[PDB]
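Please read the structure below before turning to the comments.
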Amino acid sequence: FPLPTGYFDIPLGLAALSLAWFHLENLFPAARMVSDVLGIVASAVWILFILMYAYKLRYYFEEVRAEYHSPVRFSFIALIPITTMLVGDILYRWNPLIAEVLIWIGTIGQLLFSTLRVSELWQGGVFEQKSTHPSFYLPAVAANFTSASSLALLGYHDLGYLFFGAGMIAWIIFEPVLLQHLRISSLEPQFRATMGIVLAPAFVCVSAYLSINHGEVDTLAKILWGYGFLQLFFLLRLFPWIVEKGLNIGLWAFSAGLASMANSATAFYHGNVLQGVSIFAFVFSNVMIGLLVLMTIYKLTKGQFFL
Amino acid sequence: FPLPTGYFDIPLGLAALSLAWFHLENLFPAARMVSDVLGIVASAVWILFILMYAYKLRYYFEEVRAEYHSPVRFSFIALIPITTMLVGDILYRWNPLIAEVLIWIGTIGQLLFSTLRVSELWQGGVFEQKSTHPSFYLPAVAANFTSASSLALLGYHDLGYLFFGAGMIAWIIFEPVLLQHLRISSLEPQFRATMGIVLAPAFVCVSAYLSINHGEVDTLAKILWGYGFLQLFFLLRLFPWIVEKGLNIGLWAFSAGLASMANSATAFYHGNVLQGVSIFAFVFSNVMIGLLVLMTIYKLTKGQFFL
Amino acid sequence: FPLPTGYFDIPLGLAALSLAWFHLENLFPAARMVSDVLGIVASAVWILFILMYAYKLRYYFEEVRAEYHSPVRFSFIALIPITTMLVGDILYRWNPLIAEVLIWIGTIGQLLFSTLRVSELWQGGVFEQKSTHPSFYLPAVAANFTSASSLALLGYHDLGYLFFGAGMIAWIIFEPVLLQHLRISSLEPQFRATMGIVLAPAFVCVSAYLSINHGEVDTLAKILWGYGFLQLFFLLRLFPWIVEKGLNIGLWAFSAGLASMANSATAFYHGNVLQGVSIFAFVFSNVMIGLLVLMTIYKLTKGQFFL
Ligand SMILES: CCCCCCCCO[C@@H]1O[C@H](CO)[C@@H](O)[C@H](O)[C@H]1O
Ligand SMILES: CCCCCCCCO[C@@H]1O[C@H](CO)[C@@H](O)[C@H](O)[C@H]1O
Ligand SMILES: CCCCCCCCO[C@@H]1O[C@H](CO)[C@@H](O)[C@H](O)[C@H]1O
Ligand SMILES: CCCCCCCCO[C@@H]1O[C@H](CO)[C@@H](O)[C@H](O)[C@H]1O
Ligand SMILES: CCCCCCCCO[C@@H]1O[C@H](CO)[C@@H](O)[C@H](O)[C@H]1O
Ligand SMILES: CCCCCCCCO[C@@H]1O[C@H](CO)[C@@H](O)[C@H](O)[C@H]1O
Ligand SMILES: CCCCCCCCO[C@@H]1O[C@H](CO)[C@@H](O)[C@H](O)[C@H]1O
Ligand SMILES: CCCCCCCCO[C@@H]1O[C@H](CO)[C@@H](O)[C@H](O)[C@H]1O
Ligand SMILES: CCCCCCCCO[C@@H]1O[C@H](CO)[C@@H](O)[C@H](O)[C@H]1O
Ligand SMILES: CCCCCCCCO[C@@H]1O[C@H](CO)[C@@H](O)[C@H](O)[C@H]1O
Ligand SMILES: CCCCCCCCO[C@@H]1O[C@H](CO)[C@@H](O)[C@H](O)[C@H]1O
Ligand SMILES: CCCCCCCCO[C@@H]1O[C@H](CO)[C@@H](O)[C@H](O)[C@H]1O
């Protein structure tokens with residue numbers, strides 16, 4: 001099938017970045033146009049990819065079945081409800097009714113997905129030590145944080161905290177075994193771009209947290225940022241190894257973390273906490289997503305995007 | 001010996017459920033009679049099982065020695081001081097002096113037990129990867145949370161927080177390796193009922209926390225509930241696999257988590273946080289413990305309770 | 001080379017203990033003289049060891065290269081910037097300018113060190129399961145906590161919280177796999193003194209936390225102390241096994257945890273939280289570091305200190 005499921009990282013990153021710029025509109029009015037443009041592009045890409053995945057389900061179902069039952073590849077399916085919710089979050093600025101439908105569909109969908117598949121892993125004998133990949137964060141962590149912030153947008157703050165807690169504790173519970181595995185077992189080049197997902201947890205976490213707690217930059221938020229930056233520095237040092245075999249579209253795996261660096265930066269700035277660091281983070285993350293967009297346009301022009 | 005040590009889960013669940021109903025007496029006065037009945041039954045069962053275990057120690061000591069030195073079976077011994085403290089907590093409503101004696105005996109006992117046995121594991125060569133079982137939560141986590149809430153009942157809030165922290169961090173430190181093990185290694189049917197202990201940590205944690213913090217349903221409490229419900233949903237989906245080889249008395253392993261869902265629900269309700277979810281949780285957990293009681297009466301009638 | 005890198009634990013422990021006594025000066029004025037004496041001795045030892053390590057770098061570089069590339073021995077190098085910062089913290093009482101230079105040198109140095117080496121481990125194939133040692137806490141955890149408290153001393157509280165969060169989450173993320181490894185694999189006698197580093201995380205954590213949060217002994221601080229004491233009790237029970245093959249200078253590995261027990265005790269006492277426990281902790285930790293000093297003087301007199 002021409003669209004790899006991981007390509008949903010593209011509308012993910014663009015949508016999350018739209019939301020970051022939305023949050024600067026009262027500081028700088030021109031930010032709203034930037035936000036609206038990113039949000040429209042993200043939503044358009046999302047519509048296309050959803051329609052493609054619907055085609056995959058109807059006409060390439062055995063491919064979906066295999067990816068679903070894989071103890072590694074199943075995780076990327078979580079990008080579908082994650083991006084559904086982020087597009088709902090964008091659309092809320094124009095039509096809260098349609099936004100709320102998408103947010104609930106994505107929330108119910110992700111929770112059903114993890115409840116069916118993530119739990120099934122605990123039966124043993126399918127997941128192996130070599131299945132311990134960064135992509136596991138998507139259904140386990142990122143999906144819950146996205147529900148948390150989306151439900152908060154709709155006014156469901158206490159429900160949002162339930163999802164937030166599920167994501168935060170799931171993160172802390174998985175990461176220890178992931179990092180140990182990475183230390184011992186060299187992740188093969190074909191999977192290395194997924195190291196970008198390692199950037200996500202702390203930044204997604206703090207972004208979701210600030211979405212639910214009325215943007216109060218408190219001790220927890222600062223603690224999360226600190227570990228987030230540690231991981232950034234580690235991944236920056238590792239970047240040449242990450243791309244040993246060349247630049248590829250899989251690098252959009254970094255975009256959840258990058259866009260969430262941008263979003264959380266707007267809240268730190270608004271709160272007058274570490275404004276200088278905030279400006280750095282916001283500019284850095286925009287530049288890197290900008291480079292992702294330029295490499296993507298390049299690939300599309302050369303006919304090297306779709307399978 | 002006719003009584004398996006794990007049968008202490010029975011008075012555990014009944015006692016904790018008594019405490020949950022106790023907490024509804026000011027909302028609904030009739031809750032006190034329900035609480036008192038459960039508490040008396042729990043205490044009676046506890047007396048019987050303690051006397052049986054005393055008989056085991058005196059006359060079947062090599063069985064106790066073997067269970068103690070086992071890197072898997074040692075954990076169930078922690079049920080003894082846990083239930084001692086919970087019975088003390090019940091009895092506090094009638095006789096705070098006797099209650100305080102039981103609470104200190106259970107606290108000193110559990111701390112000595114873990115200090116002797118849990119630490120010894122760090123010498124290596126005895127505990128194996130296959131020893132990584134949910135039962136490890138009992139001495140490591142549940143016992144500290146029970147001390148925390150019991151000491152808070154007696155007015156020792158800051159000491160309670162020390163025990164609370166020991167339990168909470170011990171939980172977060174063990175669970176990562178447990179879930180990885182479950183993913184890789186299929187837990188054999190003879191141990192699967194112990195999957196019920198996986199329900200316990202977040203719910204016991206929040207119940208203990210709310211016992212020490214004057215029932216303030218805050219961000220931490222909501223975060224814990226969220227992960228607790230995630231685990232519930234996972235265990236509900238796994239339940240047919242859990243009971244693949246049939247229903248058994250080991251299912252009382254679920255009762256710490258179920259009773260703590262009930263207890264924490266009363267505090268969320270009192271705090272006007274997620275009242276609807278609270279009512280669901282309280283009813284659900286009571287119904288499931290009710291089913292445990294019905295299956296137990298059935299087994300006793302058929303002569304299939306004691307070994 | 002005559003000085004093992006681990007000997008930097010000596011000025012570490014003495015320096016941290018100086019800081020603990022400094023914090024009692026307003027309660028008991030004579031504490032300042034004790035603090036100043038420990039601080040001068042710590043600083044003198046530090047100067048000597050730094051000059052020795054400079055000699056090692058210039059004239060024994062291949063030894064440094066090998067220790068740096070080792071997935072186990074690299075960690076002890078982090079003691080160098082850690083102690084640089086602690087000596088800066090001492091010197092702040094006399095010369096804030098020189099203190100600030102040392103604190104930034106140690107902060108930049110430790111962050112560069114971990115960014116280069118800790119991240120490199122994630123490439124796989126070098127670190128092995130048997131590399132999972134307590135010493136990993138030094139670059140990963142202790143160095144960040146030391147930056148946190150040192151930057152707070154200089155007035156950089158929000159930056160301090162970033163370092164604090166990096167250390168705290170790094171701790172929680174490593175400890176699960178460490179304790180599992182210790183359970184399964186018996187740590188060989190030649191490394192067992194490093195079990196003392198297991199005492200460090202919770203106590204260093206709470207000490208750093210209280211340094212940044214204006215000494216407010218809150219729920220987090222109490223939670224940390226509780227797990228800290230759990231680990232102390234475990235290590236006390238394990239102590240005969242730790243020293244199975246005899247007392248050795250490696251036991252200074254305990255001093256980060258002991259000195260941080262002392263420091264945090266002063267803050268709990270100041271806050272009127274668990275004063276009795278605080279007095280116990282402060283006396284205990286001073287006595288144990290005192291014994292370390294006596295065994296060290298003994299070794300120096302017998303010519304058994306330097307390699
Ligand atoms: C977007 C998510 C895609 C879902 C793919 C579902 C794969 C399910 O797959 C199948 O479901 C059947 C029952 O319905 C079983 O009988 C099949 O054996 C099982 O493979
Ligand atoms: C991502 C949006 C929602 C996910 C829908 C997934 C539905 C999966 O379908 C299910 O797969 C199971 C296996 O785990 C089968 O056993 C079930 O019979 C079937 O319900
Ligand atoms: C896994 C890492 C979890 C760390 C959680 C940090 C504990 C929250 O820290 C709390 O922040 C509050 C608001 O700023 C303060 O009022 C409290 O004093 C402080 O304890
Ligand atoms: C996420 C962070 C993005 C925020 C972008 C802020 C860029 C504004 O820049 C700031 O403008 C201020 C007045 O507006 C000046 O006082 C500051 O010195 C200047 O740094
Ligand atoms: C309720 C808990 C039951 C405790 C069982 C204790 C098992 C101890 O067992 C024994 O202790 C002796 C020392 O006293 C040793 O010499 C024995 O070799 C050791 O097996
Ligand atoms: C559960 C209530 C309290 C528990 C009491 C346990 C006492 C265990 O007994 C001990 O077992 C040790 C091994 O770890 C032996 O080495 C000791 O000599 C003995 O003190
Ligand atoms: C392992 C998961 C630990 C998460 C700890 C959550 C940090 C506590 O969260 C804190 O709650 C306080 C009371 O509601 C608020 O005042 C603070 O703003 C908030 O930071
Ligand atoms: C742990 C939760 C158990 C609490 C049980 C509450 C059942 C009461 O039910 C509630 O009664 C209220 C007045 O009392 C009505 O206003 C509410 O609509 C109704 O839901
Ligand atoms: C206090 C810390 C000591 C640092 C020791 C550094 C070890 C680096 O070592 C070397 O660096 C070179 C590049 O500079 C490489 O070419 C070498 O192959 C590599 O071994
Ligand atoms: C402890 C105080 C600061 C630490 C300085 C460490 C400098 C290490 O040096 C580096 O080692 C690398 C390998 O990881 C080499 O690849 C690099 O070329 C070199 O920069
Ligand atoms: C890994 C363990 C992390 C536990 C973090 C504890 C959460 C912080 O606990 C918070 O402390 C605050 C200050 O005392 C209180 O105001 C809040 O009510 C409480 O939730
Ligand atoms: C880290 C803890 C070190 C603090 C040492 C405190 C020793 C003082 O001791 C205390 O003195 C008080 C008046 O000063 C008396 O009221 C107390 O009863 C006594 O315990």
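FYI, side chains are in, hydrogens and waters are out, and symmetry mates aren't considered; it's all heavy atoms of this structure. Residue numbers start from 1 in every chain, and the chains themselves are labelled A, B, ... in the order their sequence lines are given, proteins ahead of strands. Order of listing sets the numbers, starting from 1, for every ligand and every atom in it.
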Numbering as shown, the atoms of ligand 12 that approach C:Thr266 to under 4.0 Å (heavy-atom distance): 1 (C)
Is it the case that ligand 2 has an N or O less than 3.5 angstrom from some N or O of A:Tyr68? yes
A:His69-ligand 2 polar pair, N/O distance under 3.5 Å: no
Looking only at non-hydrogen atoms, the one of C:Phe280, C:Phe28, C:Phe268, C:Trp21 nearest atom 5 (C) of ligand 12 is C:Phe28
Does the protein put a heavy atom under 4.0 Å from [atom]?
atom: atom 14 (O) of ligand 2; answer: yes
atom: atom 19 (C) of ligand 2; answer: no
atom: atom 3 (C) of ligand 2; answer: yes

What atoms of ligand 8 come within less than 4.0 Å of a heavy atom belonging to B:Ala265? 1 (C)
Around atom 9 (O) of ligand 8, find the nearest protein heavy atom and jot down its residue, atom name and distance. B:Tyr269 OH, 4.1 Å
Atom 16 (O) of ligand 2 has as its nearest protein heavy atom B:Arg237 NH2, 4.0 Å
Could you tell me how the ring of A:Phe164 sits relative to the ring of A:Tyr161: parallel (under 30°), tilted (30 to 60°) or perpendicular (over 60°)? perpendicular
Is the closest heavy-atom distance from A:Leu116 to ligand 2 below 4.0 Å? yes
